[PDB]
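Mind looking over this structure? Questions follow.
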Amino acid sequence: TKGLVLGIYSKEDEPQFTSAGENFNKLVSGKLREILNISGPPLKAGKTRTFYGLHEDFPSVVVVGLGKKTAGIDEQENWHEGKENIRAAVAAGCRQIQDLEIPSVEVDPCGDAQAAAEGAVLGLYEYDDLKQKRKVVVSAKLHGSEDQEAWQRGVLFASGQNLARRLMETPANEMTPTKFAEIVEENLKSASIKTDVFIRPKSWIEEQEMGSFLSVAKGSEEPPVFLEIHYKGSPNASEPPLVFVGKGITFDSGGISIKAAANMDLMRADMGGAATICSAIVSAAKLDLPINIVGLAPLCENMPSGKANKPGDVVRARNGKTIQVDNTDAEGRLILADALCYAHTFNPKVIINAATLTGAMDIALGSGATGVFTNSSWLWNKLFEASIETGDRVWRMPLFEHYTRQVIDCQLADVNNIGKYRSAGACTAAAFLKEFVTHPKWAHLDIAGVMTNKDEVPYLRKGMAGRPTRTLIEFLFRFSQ
Amino acid sequence: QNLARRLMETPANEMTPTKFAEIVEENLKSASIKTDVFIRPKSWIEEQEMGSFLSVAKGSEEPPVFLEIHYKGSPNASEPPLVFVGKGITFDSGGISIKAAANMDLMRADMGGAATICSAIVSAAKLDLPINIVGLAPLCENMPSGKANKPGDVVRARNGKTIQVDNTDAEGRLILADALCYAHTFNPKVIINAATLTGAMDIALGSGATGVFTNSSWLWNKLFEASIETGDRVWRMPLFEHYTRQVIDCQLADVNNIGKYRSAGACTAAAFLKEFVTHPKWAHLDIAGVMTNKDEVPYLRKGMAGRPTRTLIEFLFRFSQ
Amino acid sequence: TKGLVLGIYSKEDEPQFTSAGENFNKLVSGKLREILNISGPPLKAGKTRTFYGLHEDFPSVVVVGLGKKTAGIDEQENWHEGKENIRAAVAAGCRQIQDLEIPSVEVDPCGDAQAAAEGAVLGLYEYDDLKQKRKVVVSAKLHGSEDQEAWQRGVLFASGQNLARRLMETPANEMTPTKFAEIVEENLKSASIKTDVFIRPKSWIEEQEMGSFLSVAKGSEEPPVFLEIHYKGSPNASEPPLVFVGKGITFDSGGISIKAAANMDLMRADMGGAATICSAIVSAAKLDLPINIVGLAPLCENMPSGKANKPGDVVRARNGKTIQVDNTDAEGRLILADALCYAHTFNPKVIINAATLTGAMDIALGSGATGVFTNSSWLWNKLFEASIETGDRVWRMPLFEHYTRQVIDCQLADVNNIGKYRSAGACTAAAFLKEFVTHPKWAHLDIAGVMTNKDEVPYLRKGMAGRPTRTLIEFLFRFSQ
Ligand SMILES: [Mg+2]
Ligand SMILES: [Mg+2]
Ligand SMILES: [Mg+2]
Ligand SMILES: [Zn+2]
Ligand SMILES: [Zn+2]
Ligand SMILES: [Zn+2]
């Protein structure tokens, strides 16, 4: 009827199966084991072999390599590793069932119900919607029934990421500053009714004296929308929140300080800041976590025009500081100077802001880890441990006065959007944001390296990657528990 | 530190692969007599099957010199050492994969790897610290010529691995594939290699901290605490299979000098060096951001900065005590 | 023991098998047919499915899609197409047996013994030699015995191409102007004893007044070697030959007019001119074709140095004409001005020269067809028909006075290496070579677009492609018959 993804590990006496696999073997009377011998070598991690007709009801039994049984927290790679194995191995498996055009598939728990699910789902995602030529929409349910609460945690966690991936991925002619808000609000409210949304317009942002976010929007004729998310998880409402901020340039052309045509079509994902953290709240509300969280994301676009932000321009952020706007492409810095200032109104506990800010971050670490600066070692620890679990790494980066210094000397004004020199890119830019933050637990997460995937993460197909959404989710789970 | 600053700073017409060795040896021996130096020539490096360091030198007509420092601090001689390795391109013009004229006169300090760690031993011997340390630094130059290293070239490092040489400016990676391989001969405890490797490091952190990758959290801790004291910061950077993967797929050969993509620069390059290291306590220190100072560090005047020499010294003090 | 590549086509009543396949089905008693149903959809062209243990002696039976049974000469695509199908389909198949680490494989004739062979072999080639980490060396024999003369024509034709692919592919530190000659001579002599080789040195080239080829070599310290191939196929020796000329820069760095570091490591295949045509003669001598052919290829390197060719330089080609050398990267033009002049000495019938000359050719047609200019419609026809058969297309390109005109006005000299303007790149360059040719049947073949493959040609793996060697071979077969 449908396919099945089985798992196996490496040697002992004969490479052991995952118990779903062992079970299914006994069932076809050893002949899965038997054909595995006959087929070729053994399956190291992530490798895949497909055995037809072993079962009546399962034409295609794909067996995938799970690596070491006891594979675990790796001191170097900074993650759990079995999980990492399982994720690529059922991803590998599920993409084989999807190429066999099998619309539904059943999947080995593989000892970590959650991981096989985040594999099956992250693994299968595309963003098919605008091609009439699409792959089969395969349905992936668990195999078994003993462990359902964590496989659904898989499908949950993986989906909230897939959310961001479709929110980033979609062309910025479709996924606008409004349509992004429309979907989010819709996603947050279908997540829980303990939620309020505020797709605040130009008038309110004007009213908020958000000079800097506004200076940015004015290039396009597409409207600014400052978005406000709320989830009231806490039993006592009055618990002060955790506030997520996120940059939402739906399209970045650089503005007057205009980009090269070389791969500028990826700037449709310069709203990844906004998308990631939004998907995290949509997800923390599906988990319905005992915490009040607040999504804040200035959605607008960077374009050149007769009224676009010019080089040399001093503008006023909400907080009273002026900014020389020396480079119109350093604009997340300005959109974020204001929603950061607004974050403090909420009396937060943690202000995690996130953004696709600098290509320099990409030059830095580049899709390994999502670089995170933070005046909180406590906070750093927290994001990092969560990243160990989820596998979407995070690497601390420096928030040193050294860097502030460069941004702070300024011809016209109080702060400059680009620092004195070429060097230290993400640090300069994070140094600019701290000028707009007085809280003891702030975290900049520059996501410009994890904006995309090709092959680097196995279980993600090519296209917007939606990172580090699950590490953000997992952090708020653990902070709630 | 000022030593390294004059060793980096001086024009690469004066401060050659030999004159660097001459001064170092002179500085190490005036530091203590418990010292031996070996300004080994092309013949010995040829003999060492250091194909990769050699492939690099052959552009210039200026001679390669693989340098060997020794300081026998330990009461029992037979304590296995701490080994410092350091890249010593006295001048880097990129070679056939040639640089822009924009500020190429700073490549006279692409021997900062060699200079920093050398100054550290000169210093650990003045302190006369109860440890045997070994300086190792391939000194040579990158130039274009009728016999310069070409793009596409597979060469053989000492250890048997081949390297596609896709970009002649990624050459510290090759000079270092070999002195890293030679480091293991010494049965070290710590192999700290140091180099002005990638401009990407400069793009990364850029003169705040000297980026350090290491398969040793222990070792990381050690360099970092020392940096707390001295103020010459150090920032850990990732040595993830992710990055190895890019360097490892290779058309012609076993390893490629530049990885698959533009992104993750210092990590790709550090991933290349680990292919030439099997020891449990290795540390890459990319010094390309701290190569210079203007005003960033107050107490250094404008010019070659000589970083992170005191953090290296302070580490070997504390490791000795 | 070993694997097997079977073929099947599309529908009629039930998709027909190739008779090897039909035969092997009856043999396992229909159960190959049977499992094909059970497995998934049908296999359109180039697609592949792998069935283990159907046979005792054939653990892995891969079945591959052959497209239409009656698939043939395509008016648009300008080729035979069944052949094109079969080539990618067994290539597809053989790369599955090689990933199953099966060292030997037996292969379906697929109705075109030759094509399945040029697929199995072109398909399997890599250039493993410098990695210690290599894939299994799988051995591919025919399945059956009825049609052996044409499958060996496959393996022949595909191998002579694979020759060029290893001659191009190898680093120019190993594959020098001498080591290229050493291998060729070795390959030509093991092809037939009716052969002479002349690895003529600088002294002889100096003696030949080959000022222009020499001006080029002088940058490197690596020696020039003008190579002379001979194959005396003709019953009467005195039949005047067909002469192939080919540019052999083993490495092109541009010289003083120096290249960008962006992918300059591909210039190790700027000796593809020399390699292609050399492999063709090595091959025409294995076929032992009733024609005398003469290989001529100036092997040397382009480097910058204290004695490198400078911009502005007038040098003297053999024939008396001077050349302003305005761009040291237009150097195939000069290496070729002289071996073209030498070609006429031989009293040829056809002078086919071939070279990786212009990136403009790549901009032009770019790996579809190998652009060919020729003052002979007869000759054009000939190369083109051969290309229909082999599938390695060729596209005529213009040799108009228009273009000569630009190259011909020259400040200092008689000819300039780059023409007056940016436009018309390959035509300007081919216009330069005709100034060095007075014969009625000359053909420039610019191979800069087919220098590489990624995925464009199915049955070639990523790396130097070795094109258009079989079309050259096939032309000399047909010219001999
Ligand atoms: Mg921008
Ligand atoms: Mg360099
Ligand atoms: Mg050229
Ligand atoms: Zn932006
Ligand atoms: Zn260098
Ligand atoms: Zn050329």
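We number each residue from 1, going along the chain as drawn.
Each Cβ is built from the backbone N, Cα and C atoms, and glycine gets one as well.
What Swiss-Prot lists as Zn(2+) 3 binding site is B:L7, B:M8, B:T10, B:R108, and the listing cites a large-scale study or a structure entry. Annotated phosphoserine per Swiss-Prot: B:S43, in sequence order, evidence recorded as similarity to another entry. Feature annotation from Swiss-Prot assigns substrate binding site to B:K87, B:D92, B:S97, B:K99, B:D110, B:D169. Per Swiss-Prot, the feature Mg(2+) binding site maps to B:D92, B:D169, B:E171. Residues annotated as active site in Swiss-Prot: B:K99, B:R173. Feature annotation from Swiss-Prot assigns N6-succinyllysine to B:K260, B:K281, B:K294; the stated evidence is similarity to another entry. Among the features that Swiss-Prot reports, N6-acetyllysine is placed at B:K260, B:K294, with the record citing similarity to another entry.
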For B:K99 (substrate binding site), just count the other CB atoms lying within 10 A of its CB, please.
15
Across all chains shown, how many C-beta atoms besides its own are within 10 angstroms of the C-beta of B:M8 (Zn(2+) 3 binding site)?
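Summing over all protein chains shown, B:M8 (Zn(2+) 3 binding site) has 31 other Cβ atoms within 10 Å.
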Consider the recorded positions B:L7, B:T10, B:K87, B:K99, B:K281 and say which one has the Cα lying nearest the Cα of B:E171 (Mg(2+) binding site).
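Spatially nearest to B:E171 (Mg(2+) binding site) by Cα position is B:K87.
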Minimum Cβ neighbour count within 10 Å among the binding-site residues B:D92, B:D110, B:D169, B:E171: which residue?
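Each of the binding-site residues B:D92, B:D110, B:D169, B:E171 was scored; lowest Cβ tally within 10 Å is B:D169.
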Sequence gap of 6 or more, Cβ distance under 8 Å: name the residues on the same chain that satisfy this around B:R108 (Zn(2+) 3 binding site), in order along the sequence.
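In sequence order, B:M8, B:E9, B:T10, B:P11, B:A12, B:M15, B:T90, B:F91 meet the Cβ cut-off.
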Determine, from DSSP, whether B:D110 (substrate binding site) sits in helix, strand or coil.
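In the DSSP reduction, B:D110 (substrate binding site) maps to coil.
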Check each of B:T10, B:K87, B:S97, B:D169, B:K260 (the recorded positions) against chain C and write down, in sequence order, those whose C-beta lies under 8 A from a C-beta there; write 'none' if there are none.
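From B:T10, B:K87, B:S97, B:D169, B:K260, the ones near chain C are B:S97, B:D169.
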Using the Cβ center of B:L7, B:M8, B:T10, B:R108 as the Zn(2+) 3 site position, which other residues in that chain lie within 8 Å, going by their Cβ?
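Residues close to the Zn(2+) 3 site, other than B:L7, B:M8, B:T10, B:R108: B:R5, B:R6, B:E9, B:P11, B:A12, B:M15, B:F20, B:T90, B:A109, B:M111, B:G112, B:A115, B:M304.
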Take the Cβ of B:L7 (Zn(2+) 3 binding site) and count every other Cβ within 10 Å, whichever protein chain it belongs to.
27
Taking 10 A as the limit, how many CB atoms besides its own sit near the CB of B:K87 (substrate binding site)?
31
Cα-Cα separation of B:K99 (substrate binding site) and B:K294 (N6-acetyllysine), in Å?
23
Rounded to an integer, what is the Cα-Cα distance in Å between B:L7 (Zn(2+) 3 binding site) and B:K260 (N6-succinyllysine)?
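Spelling it out, the Cα of B:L7 (Zn(2+) 3 binding site) and the Cα of B:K260 (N6-succinyllysine) are 34 Å apart.
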Let me make sure I understand the structure: which of the modified residues listed (B:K260, B:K281, B:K294) has the fewest other Cβ atoms within 10 A of its Cβ?
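Sparsest of the modified residues B:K260, B:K281, B:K294 by Cβ contacts within 10 Å: B:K294.
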So among B:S43, B:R173, B:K260, B:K294, all listed as recorded positions, which is physically nearest to B:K87 (substrate binding site)? Use the C-alpha atoms.
B:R173
Taking a cut-off of under 6 Å between Cβ and any atom of ligand 2, tell me which of the recorded positions B:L7, B:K87, B:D92, B:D169, B:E171, B:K260 pass.
B:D92, B:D169, B:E171
